[PDB]
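A lone chain, given as structure tokens: the form deposited in one PDB entry.
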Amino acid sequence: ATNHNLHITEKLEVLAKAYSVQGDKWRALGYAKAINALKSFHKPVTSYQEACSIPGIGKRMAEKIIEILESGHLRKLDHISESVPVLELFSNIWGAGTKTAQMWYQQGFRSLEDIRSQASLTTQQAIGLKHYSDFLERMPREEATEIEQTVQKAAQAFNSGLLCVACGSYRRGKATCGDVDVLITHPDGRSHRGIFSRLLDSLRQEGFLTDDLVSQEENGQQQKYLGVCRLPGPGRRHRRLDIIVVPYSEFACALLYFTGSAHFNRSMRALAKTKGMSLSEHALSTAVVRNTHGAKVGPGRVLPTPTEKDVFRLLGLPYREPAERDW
């Protein structure tokens, strides 16, 4: 459907991103949920009482909405730190988060030019900066397909039995993808071991991969690869590539995890938590012991999960297609 409180969610959205780039995770989550509510609603909130009546909206949020209605403007959006815009600019560099952005700001940096010429950058951050504009763009679904096929072909070259599945936003059927997430496994439950070394060198052979961000190749148990690639020919931009290699016994949970969305995964994992269970990309466990703070103290037993449906079932949830997980 559509949001009937746009004149409201617009002002709130500003604060949400403001608190988020400043590291106030939960308060930012608060506005997130409030904004999400005001949308899936049916009519324009006209009363303070009508606000409090919406789950996710309490006294505070409601008192905010009346000002956007009575004043047409929120006096809060004008007291937001002047650093926010710069912090957002900085944290959009792959490899730099709230802490680095805040440090750079305190050191007096205000633009990417300042970062380029004066800032201390990690190796990942330098790569992020070099592809600053490209990394903020989403590619057409068709391009994602080409990248995914490029990886599959390279993998099945030294083992036709290797199964390669494009997950993430691609599997959820989106029209555009931020990056390409590829899951690789093997039904024989063992031929997946030590394939990263070969796969990556192969992709570097053709010049497909242009930069590596996260890739522990000295360890034979390497689980993921986060990097950069670019297809051949003119008019091609550098795209982020995310690859995970998993044992067949973990295929179901890894597929579920890698498909997402991130919100969906967090919601599902939270659900499992309430049932004394734990869900990760490796497996769904039961009889998990946790303390008062909600932290895991006990391991638990790994439950049988041959397919994604099994996970939902064991959690008492009705199955949802990847497209129904686009939260």
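All residue numbers refer to positions in the sequence shown, first residue = 1.
Below, we refer to the form deposited in another entry, which is not included among the displayed structures.
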query	finding
Between this form and the one not shown, rigid part of residue 90 equal to that of residue 71	no
CA-CA separation of residue 201 and residue 221, closer or farther in that other deposited form than in the form shown [shift of 3 angstroms or more]	farther
Direction of the Cα shift between residue 221 and residue 122 in that other deposited form, where the change is 3 Å or more	farther
